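Q: After the structure tokens below, expect a handful of questions from me.
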Amino acid sequence: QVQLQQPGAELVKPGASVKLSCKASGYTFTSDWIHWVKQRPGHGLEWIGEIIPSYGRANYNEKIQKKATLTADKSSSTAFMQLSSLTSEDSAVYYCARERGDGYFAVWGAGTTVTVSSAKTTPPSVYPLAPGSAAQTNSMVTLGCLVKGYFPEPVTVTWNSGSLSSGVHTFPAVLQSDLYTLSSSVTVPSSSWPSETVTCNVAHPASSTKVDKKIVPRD
Amino acid sequence: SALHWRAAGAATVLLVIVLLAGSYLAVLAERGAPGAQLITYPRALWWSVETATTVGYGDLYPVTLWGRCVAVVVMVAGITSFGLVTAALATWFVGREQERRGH
Amino acid sequence: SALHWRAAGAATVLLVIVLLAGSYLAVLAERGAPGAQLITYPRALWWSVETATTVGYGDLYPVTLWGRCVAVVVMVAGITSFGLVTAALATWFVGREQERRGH
Amino acid sequence: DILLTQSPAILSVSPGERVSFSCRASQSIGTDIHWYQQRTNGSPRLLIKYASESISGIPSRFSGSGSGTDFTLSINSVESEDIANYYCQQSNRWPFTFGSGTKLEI
Amino acid sequence: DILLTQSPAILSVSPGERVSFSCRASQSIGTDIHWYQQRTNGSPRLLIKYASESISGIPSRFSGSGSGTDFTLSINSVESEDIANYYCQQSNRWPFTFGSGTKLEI
Ligand SMILES: CCCC[N+](CCCC)(CCCC)CCCC
Ligand SMILES: CCCCCCCCCO
Ligand SMILES: CCCCCCCCCO
Ligand SMILES: [Tl+]
Ligand SMILES: [Tl+]
Ligand SMILES: [Tl+]
Ligand SMILES: [Tl+]
């Protein structure tokens, strides 16, 4: 099961600092190394550094400015990476991976999305999207739900608690003066709806919120 | 169990502990040093063996001060153990040769 | 303090003097030779150790006549000292084995 | 530090065709190259380790080859699930490094 | 004898921006590269030793990286005091050699 656990997001004001965590499970060897990889939107993987928890020794990529500090809590199997005095340049997804001391990254975390801005955290408004009365359909029907007015990224949108996967598209968010907006679209066979329920679950980590929205026919 | 044989055994067990500890400490020492290649445990264990035996092919070797220090211990533990096996064999031959001379 | 142990000690101290002198003389010998790499004291001391132990990874080695001469002394001092430790261990085993045989 | 070059940033292939991703090392590194797959909004997933060693849980469709400076990650008969960014990474010399990546396009 | 190439002879950067100086070695030299700073009418001043080792008395703004043939001296957030000529030098093989130098321009 899930070996590395990282919190979905962290908002940070320019100049401030934050500490991301990476709780590990599964096998643990004194030979294990925990790595941190930075990925900026539209960019590749960048190696930040590593740590040998069973010793506390950490090394850093000397090719980039050192904004991090690695530490680990052997008892709580938790590795922490402290990012200090951030700027918009530091906004990105930060993954942690476990390396058995053999050179490759066997497992990775989901990654924490870090956003550096003065803006305020705003949960999203999850409005539904059902076809209008004059809309005809065929073997399939397309529903959806609007996630608007949120900050910062990201937002995980699932359908029927993840039980509904096919026919799903979640469009990239667009930034509108300090607030994000995106829509997710699901497609099921016409016959099945609303006979069978169809709900969109919207989780917004930065605001520790999670909301549901049943997509029912229009009045 | 004669002394030379108990020592030979002790020596072998110990050398094996130095090979493992050493491999672990070499990697720990070498990471952080750009260009270092003695940085993963499996080949590090292989490195330690070829160092203990003094073969030193040149495929792996420490570049850091602490890694080289680890190396010295491994070399010395390797040279000393095997040498101690040589001395244990000499004892065995001397005593048998004694009996043979009826001394 | 038996002879073999006094010699082992003397040997170790001496080998350490050859490692230091040798490192100093190697650098002194190698500088001035284009392409030479045995030219700075710290790694030179590391070179001397891997030469005395006969490991010779190949990361460093003299290219000049005098540097190689320094090398020979270091190799021989290394091979001789360790061998002298082997012989000291053999003596220890032979004598204990004697007592054990009640000879 | 070892630079890994991933030839074309994007690779266009027809459904079911064979595709090969190139990863060049700035110096000789044995077979200490490992490949990762990353889909949109996803975490990297180890596909091949040590240039050609297969990972269980990974389709036999994927295979890697090469040694020294040139390495290739191949997908025999590409399918939609394979659309993603592919990265190579090396563990030969410290520090570990990644290739810029190559996007598979069908 | 090892040739050290210092990429562009002059580097233009905006106040407070990050700047990187390149120094290439004609062959593999580990991390045996050392950086020097020299202001107008001044003597060279050691900034970084062994590619990335910091020197006390030198701003933390300065840092170096690389190994093998490619080395980089970086200045995080450049300031006027930093205007000078930057040289790299190698101690891997005799004789020691210097790079032609790179001038920092703000
Ligand atoms: C004259 C060369 C001697 C090399 N020895 C012994 C022969 C090995 C085939 C290597 C021992 C390796 C355990 C001793 C080195 C002593 C420094
Ligand atoms: C022989 C004593 C151990 C060698 C030094 C290990 C250093 C590990 C890194 O800090
Ligand atoms: C073993 C005698 C010393 C080796 C020769 C040293 C030469 C130094 C340079 O002139
Ligand atoms: Tl040898
Ligand atoms: Tl050898
Ligand atoms: Tl050798
Ligand atoms: Tl060799």
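Chain labels A, B, ... are given in the sequence in which chains occur in the structure tokens; within each chain residues are numbered consecutively from 1, and ligands are likewise numbered from 1 in the order shown.
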Given a cut-off of 7 Å, what residues near ligand 7 show up using only C-alpha atoms and all ligand atoms, put as a PyMOL selection string?

A: (chain B and resi 56-58) or (chain C and resi 56-58)

Q: Give the residues of chain A that lie within 7 Å of chain D; count only C-alpha atoms, and format the answer as a list in words.

A: residues 44, 45, 46, 47, 61, 103, 104, 105, 106, 108, 109 and 110 of chain A

Q: Write the residues you've just listed into a file as a compact mmCIF listing (two decimals), in the first residue's frame, and include N, CA and C atoms for each of them.

A:
```
# COMPACT_ATOMS: atom_id res chain seq x y z
N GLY A 44 10.79 19.80 -15.90
CA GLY A 44 11.12 18.43 -15.55
C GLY A 44 11.43 18.25 -14.08
N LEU A 45 11.98 17.08 -13.77
CA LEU A 45 12.34 16.72 -12.42
C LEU A 45 13.68 17.32 -12.03
N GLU A 46 13.75 17.84 -10.82
CA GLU A 46 14.98 18.44 -10.33
C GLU A 46 15.25 17.85 -8.95
N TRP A 47 16.45 17.31 -8.77
CA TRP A 47 16.87 16.69 -7.52
C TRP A 47 17.31 17.75 -6.52
N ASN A 61 21.83 19.14 -3.68
CA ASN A 61 22.23 19.43 -5.05
C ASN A 61 22.99 20.75 -4.93
N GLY A 103 20.55 3.27 -6.01
CA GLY A 103 20.50 4.21 -7.11
C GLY A 103 19.20 4.66 -7.74
N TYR A 104 18.14 3.86 -7.67
CA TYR A 104 16.87 4.26 -8.29
C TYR A 104 15.76 4.51 -7.29
N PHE A 105 14.78 5.30 -7.71
CA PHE A 105 13.64 5.66 -6.86
C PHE A 105 12.49 4.67 -7.04
N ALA A 106 12.42 3.70 -6.15
CA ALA A 106 11.39 2.67 -6.20
C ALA A 106 9.99 3.21 -6.00
N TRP A 108 7.51 6.84 -4.91
CA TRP A 108 7.39 8.28 -4.78
C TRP A 108 6.12 8.65 -4.05
N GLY A 109 6.11 9.86 -3.52
CA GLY A 109 4.94 10.37 -2.84
C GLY A 109 4.08 11.03 -3.90
N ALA A 110 2.90 11.49 -3.49
CA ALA A 110 1.98 12.14 -4.41
C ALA A 110 2.49 13.55 -4.67
```

Q: Would you name the residues within 7 Å of ligand 4, counting only C-alpha atoms and all ligand atoms, and put them as a compact mmCIF listing (two decimals) with N, CA and C atoms, in the first residue's frame?

A:
```txt
# COMPACT_ATOMS: atom_id res chain seq x y z
N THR B 54 43.06 -6.59 -1.51
CA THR B 54 44.08 -5.73 -2.14
C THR B 54 44.13 -5.76 -3.67
N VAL B 55 43.16 -6.39 -4.31
CA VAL B 55 43.11 -6.43 -5.77
C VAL B 55 42.92 -5.02 -6.38
N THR C 54 49.44 -2.24 -1.28
CA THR C 54 49.46 -2.86 -2.62
C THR C 54 48.11 -2.86 -3.37
N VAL C 55 47.12 -2.15 -2.86
CA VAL C 55 45.82 -2.07 -3.53
C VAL C 55 45.94 -1.36 -4.91
```

Q: Could you give me, as a Markdown table, every chain A residue with an atom at most 10 Å from ligand 2, plus its closest atom pair and distance in Å to one decimal, counting only C-alpha atoms and all ligand atoms, rows ordered by chain then number?

A:
```
| residue | atom | partner | partner_atom_place_in_ligand_line | distance |
| --- | --- | --- | --- | --- |
| A:55 | CA | ligand 2 | 10 (O) | 8.5 |
| A:56 | CA | ligand 2 | 10 (O) | 9.2 |
| A:57 | CA | ligand 2 | 10 (O) | 6.8 |
| A:58 | CA | ligand 2 | 10 (O) | 9.5 |
```

Q: Got time to write the residues from that selection, N, CA, C and O atoms, as a PDB file, in the first residue's frame?

A:
```pdb
ATOM      1  N   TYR A  55      20.817   7.774  10.266  1.00  0.00           N
ATOM      2  CA  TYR A  55      22.102   8.410  10.517  1.00  0.00           C
ATOM      3  C   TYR A  55      21.935   9.930  10.544  1.00  0.00           C
ATOM      4  O   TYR A  55      22.723  10.641  11.164  1.00  0.00           O
ATOM      5  N   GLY A  56      20.903  10.423   9.869  1.00  0.00           N
ATOM      6  CA  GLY A  56      20.644  11.849   9.858  1.00  0.00           C
ATOM      7  C   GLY A  56      21.465  12.669   8.887  1.00  0.00           C
ATOM      8  O   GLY A  56      21.302  13.886   8.815  1.00  0.00           O
ATOM      9  N   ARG A  57      22.347  12.016   8.137  1.00  0.00           N
ATOM     10  CA  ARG A  57      23.172  12.724   7.176  1.00  0.00           C
ATOM     11  C   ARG A  57      22.396  13.067   5.908  1.00  0.00           C
ATOM     12  O   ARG A  57      21.694  12.225   5.350  1.00  0.00           O
ATOM     13  N   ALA A  58      22.533  14.313   5.461  1.00  0.00           N
ATOM     14  CA  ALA A  58      21.854  14.778   4.260  1.00  0.00           C
ATOM     15  C   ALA A  58      22.816  15.476   3.306  1.00  0.00           C
ATOM     16  O   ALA A  58      23.772  16.127   3.735  1.00  0.00           O
TER      17      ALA A  58
END
```

Q: Within 9 Å of residue 8 (chain C), counting only C-alpha atoms, which residues show up once you throw out same-chain ones fewer than 4 positions away? Write them as a list in words, please.

A: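 Counting only the stated atoms, we get residues 3, 4, 12, 13, 81, 82, 84, 85 and 88 of chain C.
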
Q: Skip residue 33 (chain C) itself and residues of its chain fewer than 2 positions away, then list as a list in words all residues within 12 Å of it, counting only C-alpha atoms.

A: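 My list of contacting residues is residues 26, 27, 28, 29, 30, 31, 35, 36, 37, 38, 39, 62, 63, 64, 65, 66 and 67 of chain C; 1, 93, 94, 95 and 96 of chain E.
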
Q: Please dump the current selection as a PDB file, in the first residue's frame; keep N, CA, C and O atoms.

A:
```pdb
ATOM      1  N   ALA C  26      57.033  12.209  -3.119  1.00  0.00           N
ATOM      2  CA  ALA C  26      56.341  11.905  -4.368  1.00  0.00           C
ATOM      3  C   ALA C  26      55.927  13.228  -5.006  1.00  0.00           C
ATOM      4  O   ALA C  26      56.231  13.498  -6.171  1.00  0.00           O
ATOM      5  N   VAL C  27      55.227  14.052  -4.235  1.00  0.00           N
ATOM      6  CA  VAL C  27      54.793  15.349  -4.723  1.00  0.00           C
ATOM      7  C   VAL C  27      55.991  16.134  -5.236  1.00  0.00           C
ATOM      8  O   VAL C  27      55.966  16.693  -6.325  1.00  0.00           O
ATOM      9  N   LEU C  28      57.050  16.159  -4.446  1.00  0.00           N
ATOM     10  CA  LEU C  28      58.246  16.897  -4.823  1.00  0.00           C
ATOM     11  C   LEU C  28      58.837  16.381  -6.124  1.00  0.00           C
ATOM     12  O   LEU C  28      59.353  17.148  -6.936  1.00  0.00           O
ATOM     13  N   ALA C  29      58.744  15.073  -6.312  1.00  0.00           N
ATOM     14  CA  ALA C  29      59.266  14.412  -7.498  1.00  0.00           C
ATOM     15  C   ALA C  29      58.386  14.597  -8.738  1.00  0.00           C
ATOM     16  O   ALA C  29      58.890  14.848  -9.834  1.00  0.00           O
ATOM     17  N   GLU C  30      57.076  14.473  -8.553  1.00  0.00           N
ATOM     18  CA  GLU C  30      56.117  14.565  -9.647  1.00  0.00           C
ATOM     19  C   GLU C  30      55.835  15.946 -10.231  1.00  0.00           C
ATOM     20  O   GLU C  30      55.562  16.062 -11.429  1.00  0.00           O
ATOM     21  N   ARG C  31      55.877  16.992  -9.413  1.00  0.00           N
ATOM     22  CA  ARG C  31      55.638  18.321  -9.952  1.00  0.00           C
ATOM     23  C   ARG C  31      56.754  18.601 -10.956  1.00  0.00           C
ATOM     24  O   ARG C  31      57.895  18.219 -10.733  1.00  0.00           O
ATOM     25  N   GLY C  35      51.172  16.391 -16.836  1.00  0.00           N
ATOM     26  CA  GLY C  35      50.255  15.273 -16.783  1.00  0.00           C
ATOM     27  C   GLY C  35      50.312  14.530 -15.471  1.00  0.00           C
ATOM     28  O   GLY C  35      49.467  13.691 -15.190  1.00  0.00           O
ATOM     29  N   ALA C  36      51.316  14.829 -14.661  1.00  0.00           N
ATOM     30  CA  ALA C  36      51.445  14.157 -13.385  1.00  0.00           C
ATOM     31  C   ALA C  36      50.230  14.488 -12.536  1.00  0.00           C
ATOM     32  O   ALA C  36      49.708  15.593 -12.589  1.00  0.00           O
ATOM     33  N   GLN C  37      49.775  13.532 -11.749  1.00  0.00           N
ATOM     34  CA  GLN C  37      48.617  13.764 -10.905  1.00  0.00           C
ATOM     35  C   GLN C  37      48.940  13.554  -9.434  1.00  0.00           C
ATOM     36  O   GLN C  37      48.165  13.946  -8.565  1.00  0.00           O
ATOM     37  N   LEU C  38      50.083  12.926  -9.163  1.00  0.00           N
ATOM     38  CA  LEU C  38      50.536  12.673  -7.787  1.00  0.00           C
ATOM     39  C   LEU C  38      51.290  13.938  -7.357  1.00  0.00           C
ATOM     40  O   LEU C  38      52.480  13.869  -7.031  1.00  0.00           O
ATOM     41  N   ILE C  39      50.569  15.068  -7.338  1.00  0.00           N
ATOM     42  CA  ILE C  39      51.139  16.389  -7.068  1.00  0.00           C
ATOM     43  C   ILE C  39      50.655  17.249  -5.897  1.00  0.00           C
ATOM     44  O   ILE C  39      51.088  18.385  -5.763  1.00  0.00           O
ATOM     45  N   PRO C  62      52.865   7.585  -9.698  1.00  0.00           N
ATOM     46  CA  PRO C  62      53.942   8.428 -10.242  1.00  0.00           C
ATOM     47  C   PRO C  62      54.262   8.178 -11.704  1.00  0.00           C
ATOM     48  O   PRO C  62      54.096   7.066 -12.199  1.00  0.00           O
ATOM     49  N   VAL C  63      54.730   9.211 -12.392  1.00  0.00           N
ATOM     50  CA  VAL C  63      55.091   9.059 -13.792  1.00  0.00           C
ATOM     51  C   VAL C  63      56.571   9.383 -13.977  1.00  0.00           C
ATOM     52  O   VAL C  63      57.154   9.113 -15.034  1.00  0.00           O
ATOM     53  N   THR C  64      57.184   9.947 -12.940  1.00  0.00           N
ATOM     54  CA  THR C  64      58.592  10.303 -13.002  1.00  0.00           C
ATOM     55  C   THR C  64      59.437   9.171 -12.422  1.00  0.00           C
ATOM     56  O   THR C  64      58.928   8.319 -11.688  1.00  0.00           O
ATOM     57  N   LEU C  65      60.728   9.181 -12.755  1.00  0.00           N
ATOM     58  CA  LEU C  65      61.666   8.182 -12.288  1.00  0.00           C
ATOM     59  C   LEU C  65      61.817   8.240 -10.783  1.00  0.00           C
ATOM     60  O   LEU C  65      61.768   7.218 -10.105  1.00  0.00           O
ATOM     61  N   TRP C  66      62.012   9.439 -10.257  1.00  0.00           N
ATOM     62  CA  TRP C  66      62.176   9.572  -8.831  1.00  0.00           C
ATOM     63  C   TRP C  66      60.906   9.284  -8.056  1.00  0.00           C
ATOM     64  O   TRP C  66      60.975   8.769  -6.943  1.00  0.00           O
ATOM     65  N   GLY C  67      59.752   9.604  -8.638  1.00  0.00           N
ATOM     66  CA  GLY C  67      58.491   9.347  -7.961  1.00  0.00           C
ATOM     67  C   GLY C  67      58.246   7.854  -7.864  1.00  0.00           C
ATOM     68  O   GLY C  67      57.701   7.361  -6.878  1.00  0.00           O
TER      69      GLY C  67
ATOM     70  N   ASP E   1      48.816  19.526 -21.220  1.00  0.00           N
ATOM     71  CA  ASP E   1      48.468  20.502 -20.145  1.00  0.00           C
ATOM     72  C   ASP E   1      46.976  20.807 -20.266  1.00  0.00           C
ATOM     73  O   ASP E   1      46.458  20.946 -21.367  1.00  0.00           O
ATOM     74  N   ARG E  93      46.239  18.118 -12.649  1.00  0.00           N
ATOM     75  CA  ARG E  93      47.456  17.644 -13.295  1.00  0.00           C
ATOM     76  C   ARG E  93      48.423  18.802 -13.349  1.00  0.00           C
ATOM     77  O   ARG E  93      48.013  19.951 -13.401  1.00  0.00           O
ATOM     78  N   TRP E  94      49.711  18.493 -13.334  1.00  0.00           N
ATOM     79  CA  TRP E  94      50.723  19.519 -13.409  1.00  0.00           C
ATOM     80  C   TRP E  94      50.866  19.844 -14.894  1.00  0.00           C
ATOM     81  O   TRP E  94      50.804  18.954 -15.737  1.00  0.00           O
ATOM     82  N   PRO E  95      51.064  21.121 -15.233  1.00  0.00           N
ATOM     83  CA  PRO E  95      51.162  22.254 -14.314  1.00  0.00           C
ATOM     84  C   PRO E  95      49.786  22.829 -14.034  1.00  0.00           C
ATOM     85  O   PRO E  95      48.843  22.565 -14.781  1.00  0.00           O
ATOM     86  N   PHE E  96      49.667  23.621 -12.974  1.00  0.00           N
ATOM     87  CA  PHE E  96      48.385  24.238 -12.657  1.00  0.00           C
ATOM     88  C   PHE E  96      48.071  25.173 -13.805  1.00  0.00           C
ATOM     89  O   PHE E  96      48.976  25.752 -14.409  1.00  0.00           O
TER      90      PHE E  96
END
```

Q: Return as a compact mmCIF listing (two decimals) with N, CA, C and O atoms, in the first residue's frame every polymer residue, whether protein, DNA or RNA, with at least one atom no more than 10 Å from an atom of ligand 1; count only C-alpha atoms and all ligand atoms.

A:
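Okay, pocket_18.txt is ready:
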```txt
# COMPACT_ATOMS: atom_id res chain seq x y z
N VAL B 49 35.34 -5.78 -0.75
CA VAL B 49 35.97 -7.08 -0.90
C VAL B 49 37.26 -6.96 -1.71
O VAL B 49 38.31 -7.45 -1.28
N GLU B 50 37.20 -6.30 -2.86
CA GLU B 50 38.41 -6.15 -3.67
C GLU B 50 39.46 -5.26 -3.00
O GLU B 50 40.63 -5.26 -3.37
N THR B 51 39.04 -4.51 -1.98
CA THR B 51 39.98 -3.67 -1.26
C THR B 51 40.63 -4.52 -0.16
O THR B 51 41.84 -4.46 0.06
N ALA B 52 39.81 -5.32 0.53
CA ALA B 52 40.28 -6.19 1.59
C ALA B 52 41.27 -7.20 1.02
O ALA B 52 42.27 -7.54 1.67
N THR B 53 41.01 -7.67 -0.19
CA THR B 53 41.92 -8.62 -0.84
C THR B 53 43.10 -7.92 -1.49
O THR B 53 44.01 -8.56 -1.97
N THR B 54 43.06 -6.59 -1.51
CA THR B 54 44.08 -5.73 -2.14
C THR B 54 44.13 -5.76 -3.67
O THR B 54 45.02 -5.21 -4.28
N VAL B 55 43.16 -6.39 -4.31
CA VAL B 55 43.11 -6.43 -5.77
C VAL B 55 42.92 -5.02 -6.38
O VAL B 55 43.58 -4.66 -7.34
N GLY B 56 42.00 -4.23 -5.83
CA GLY B 56 41.77 -2.87 -6.31
C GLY B 56 41.71 -2.60 -7.81
O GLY B 56 42.43 -1.75 -8.32
N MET B 75 41.45 -2.23 4.24
CA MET B 75 42.66 -2.77 3.66
C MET B 75 43.44 -3.52 4.74
O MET B 75 43.86 -4.66 4.55
N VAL B 76 43.62 -2.84 5.87
CA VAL B 76 44.36 -3.39 6.98
C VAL B 76 43.67 -4.61 7.57
O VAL B 76 44.33 -5.58 7.94
N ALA B 77 42.35 -4.58 7.66
CA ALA B 77 41.61 -5.71 8.19
C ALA B 77 41.75 -6.86 7.20
O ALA B 77 41.81 -8.03 7.59
N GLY B 78 41.79 -6.53 5.92
CA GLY B 78 41.93 -7.55 4.90
C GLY B 78 43.33 -8.13 4.91
O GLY B 78 43.50 -9.35 4.92
N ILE B 79 44.34 -7.27 4.91
CA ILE B 79 45.71 -7.77 4.91
C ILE B 79 46.03 -8.55 6.19
O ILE B 79 46.68 -9.58 6.16
N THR B 80 45.52 -8.07 7.31
CA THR B 80 45.77 -8.71 8.59
C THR B 80 45.08 -10.05 8.79
O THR B 80 45.67 -10.97 9.35
N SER B 81 43.84 -10.16 8.35
CA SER B 81 43.12 -11.41 8.48
C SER B 81 43.79 -12.48 7.66
O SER B 81 44.20 -13.51 8.18
N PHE B 82 43.92 -12.25 6.36
CA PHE B 82 44.56 -13.24 5.50
C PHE B 82 45.94 -13.62 5.99
O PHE B 82 46.32 -14.79 5.97
N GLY B 83 46.69 -12.62 6.45
CA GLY B 83 48.02 -12.89 6.95
C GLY B 83 47.92 -13.78 8.17
O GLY B 83 48.77 -14.66 8.39
N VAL C 49 49.36 5.23 0.99
CA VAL C 49 48.70 4.18 1.75
C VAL C 49 48.24 3.05 0.83
O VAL C 49 48.54 1.88 1.09
N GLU C 50 47.55 3.38 -0.25
CA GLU C 50 47.09 2.34 -1.17
C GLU C 50 48.25 1.65 -1.90
O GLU C 50 48.10 0.57 -2.47
N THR C 51 49.43 2.27 -1.86
CA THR C 51 50.59 1.67 -2.49
C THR C 51 51.24 0.72 -1.47
O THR C 51 51.64 -0.40 -1.82
N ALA C 52 51.34 1.17 -0.22
CA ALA C 52 51.92 0.37 0.85
C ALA C 52 51.09 -0.89 1.05
O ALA C 52 51.63 -1.96 1.32
N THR C 53 49.78 -0.77 0.92
CA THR C 53 48.89 -1.93 1.06
C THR C 53 48.84 -2.75 -0.22
O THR C 53 48.25 -3.81 -0.24
N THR C 54 49.44 -2.24 -1.28
CA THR C 54 49.46 -2.86 -2.62
C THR C 54 48.11 -2.86 -3.37
O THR C 54 47.98 -3.47 -4.41
N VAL C 55 47.12 -2.15 -2.86
CA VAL C 55 45.82 -2.07 -3.53
C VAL C 55 45.94 -1.36 -4.91
O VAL C 55 45.37 -1.80 -5.89
N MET C 75 56.26 0.61 -1.41
CA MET C 75 55.68 -0.70 -1.66
C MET C 75 56.38 -1.73 -0.79
O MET C 75 55.73 -2.52 -0.10
N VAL C 76 57.71 -1.70 -0.83
CA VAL C 76 58.52 -2.63 -0.08
C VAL C 76 58.35 -2.44 1.42
O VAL C 76 58.32 -3.42 2.16
N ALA C 77 58.25 -1.20 1.87
CA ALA C 77 58.07 -0.94 3.29
C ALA C 77 56.69 -1.45 3.68
O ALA C 77 56.48 -1.94 4.79
N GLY C 78 55.74 -1.32 2.76
CA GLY C 78 54.39 -1.78 3.03
C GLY C 78 54.33 -3.29 3.04
O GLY C 78 53.79 -3.89 3.97
N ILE C 79 54.88 -3.92 2.02
CA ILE C 79 54.85 -5.38 1.97
C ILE C 79 55.64 -6.00 3.12
O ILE C 79 55.22 -6.98 3.72
N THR C 80 56.76 -5.41 3.46
CA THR C 80 57.61 -5.91 4.52
C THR C 80 57.05 -5.76 5.93
O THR C 80 57.18 -6.66 6.75
N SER C 81 56.42 -4.62 6.21
CA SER C 81 55.85 -4.40 7.52
C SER C 81 54.72 -5.39 7.75
O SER C 81 54.75 -6.15 8.70
N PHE C 82 53.72 -5.37 6.88
CA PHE C 82 52.60 -6.29 7.04
C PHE C 82 53.05 -7.73 7.13
O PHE C 82 52.53 -8.51 7.94
N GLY C 83 54.03 -8.09 6.31
CA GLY C 83 54.53 -9.45 6.33
C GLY C 83 55.16 -9.72 7.69
O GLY C 83 55.06 -10.84 8.22
```

Q: Can I get the residues of chain E within 8 Å of chain D, each with the closest pair of atoms and their distance in Å to one decimal, using only C-alpha atoms, sorted chain first then ascending number, as CSV?

A:
```
residue,atom,partner,partner_atom,distance
E:66,CA,D:1,CA,5.2
E:67,CA,D:1,CA,5.3
E:68,CA,D:1,CA,6.9
E:70,CA,D:1,CA,7.5
```

Q: Limited to N, CA, C and O atoms, could you put the picked residues into a file as a compact mmCIF listing (two decimals), in the first residue's frame?

A:
```txt
# COMPACT_ATOMS: atom_id res chain seq x y z
N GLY E 66 29.75 21.37 -9.96
CA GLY E 66 30.29 20.65 -11.09
C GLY E 66 31.37 19.67 -10.71
O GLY E 66 31.84 19.65 -9.57
N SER E 67 31.77 18.86 -11.68
CA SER E 67 32.82 17.88 -11.51
C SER E 67 33.08 17.28 -12.88
O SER E 67 32.21 17.32 -13.75
N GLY E 68 34.28 16.75 -13.09
CA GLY E 68 34.63 16.18 -14.37
C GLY E 68 35.23 17.22 -15.29
O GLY E 68 36.39 17.59 -15.15
N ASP E 70 32.92 20.01 -16.54
CA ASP E 70 32.12 21.22 -16.42
C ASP E 70 31.90 21.71 -15.00
O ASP E 70 31.39 20.99 -14.15
```

Q: Please return, as JSON, numbers by chain, all residues of chain B lying within 6 Å of chain A when only C-alpha atoms are considered.

A: {"B": [32, 40, 41]}

Q: I want to know what sits within 7 Å of residue 85 (chain A), based on only C-alpha atoms, with residues of the same chain fewer than 6 positions away left out; could you give that as a compact mmCIF listing (two decimals) with N, CA, C and O atoms, in the first residue's frame?

A:
```txt
# COMPACT_ATOMS: atom_id res chain seq x y z
N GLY A 15 9.01 35.15 1.09
CA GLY A 15 9.95 35.40 2.16
C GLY A 15 9.83 34.46 3.34
O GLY A 15 10.81 34.21 4.04
N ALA A 16 8.63 33.92 3.56
CA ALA A 16 8.40 33.00 4.66
C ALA A 16 9.06 31.66 4.41
O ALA A 16 9.79 31.48 3.42
N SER A 17 8.82 30.70 5.30
CA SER A 17 9.40 29.38 5.17
C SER A 17 8.38 28.30 5.54
O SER A 17 7.41 28.57 6.24
```

Q: Could you please determine the separation between atom 4 (C, counted along the ligand's line) of ligand 3 and CA of residue 68 (chain B) in Å, to one decimal place?

A: 25.1 Å

Q: So that I can see what lies close to residue 98 (chain C), please list as a short mmCIF file (atom, residue, chain, number, x, y, z; two decimals) with N, CA, C and O atoms, in the first residue's frame the residues with an atom at most 12 Å from it, counting only C-alpha atoms and leaving out residues fewer than 5 positions away in the same chain.

A:
```
data_model
loop_
_atom_site.label_atom_id
_atom_site.label_comp_id
_atom_site.auth_asym_id
_atom_site.auth_seq_id
_atom_site.Cartn_x
_atom_site.Cartn_y
_atom_site.Cartn_z
N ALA B 2 42.56 -25.33 18.66
CA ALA B 2 43.80 -24.63 18.97
C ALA B 2 43.60 -23.12 18.80
O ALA B 2 42.63 -22.68 18.19
N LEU B 3 44.52 -22.33 19.36
CA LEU B 3 44.45 -20.88 19.27
C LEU B 3 44.48 -20.33 17.84
O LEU B 3 43.63 -19.53 17.45
N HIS B 4 45.46 -20.76 17.04
CA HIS B 4 45.56 -20.26 15.68
C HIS B 4 44.30 -20.47 14.86
O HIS B 4 43.99 -19.67 13.98
N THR B 91 51.71 -22.52 11.66
CA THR B 91 51.69 -23.18 12.95
C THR B 91 51.32 -24.65 12.76
O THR B 91 51.95 -25.55 13.30
N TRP B 92 50.28 -24.87 11.97
CA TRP B 92 49.83 -26.21 11.69
C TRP B 92 50.96 -27.03 11.07
O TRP B 92 51.18 -28.19 11.45
N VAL B 94 54.29 -26.42 11.26
CA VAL B 94 55.39 -26.57 12.19
C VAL B 94 55.13 -27.67 13.21
O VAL B 94 56.00 -28.49 13.48
N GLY B 95 53.92 -27.70 13.77
CA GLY B 95 53.60 -28.71 14.75
C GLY B 95 53.54 -30.12 14.19
O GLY B 95 53.93 -31.07 14.86
N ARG B 96 53.02 -30.26 12.98
CA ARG B 96 52.94 -31.56 12.34
C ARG B 96 54.35 -32.01 11.99
O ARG B 96 54.70 -33.18 12.13
N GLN B 98 56.88 -31.26 13.61
CA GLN B 98 57.53 -31.60 14.87
C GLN B 98 57.26 -33.07 15.14
O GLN B 98 58.18 -33.86 15.35
N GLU B 99 55.98 -33.42 15.14
CA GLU B 99 55.54 -34.79 15.38
C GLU B 99 56.26 -35.73 14.43
O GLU B 99 56.69 -36.82 14.81
N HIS B 103 59.82 -34.85 17.69
CA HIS B 103 60.32 -33.91 18.69
C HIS B 103 59.18 -33.74 19.69
O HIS B 103 59.37 -34.08 20.87
N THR C 91 54.60 -16.53 15.19
CA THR C 91 55.41 -16.80 16.37
C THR C 91 54.49 -16.96 17.57
O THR C 91 54.62 -17.90 18.36
N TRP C 92 53.55 -16.05 17.70
CA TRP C 92 52.60 -16.09 18.79
C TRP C 92 51.84 -17.42 18.78
O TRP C 92 51.65 -18.06 19.82
N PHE C 93 51.42 -17.86 17.60
CA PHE C 93 50.68 -19.11 17.51
C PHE C 93 51.56 -20.33 17.78
O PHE C 93 51.12 -21.27 18.43
N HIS C 103 55.19 -28.75 25.42
CA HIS C 103 56.57 -28.91 24.99
C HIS C 103 57.35 -27.82 25.72
O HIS C 103 58.25 -28.17 26.52
#
```
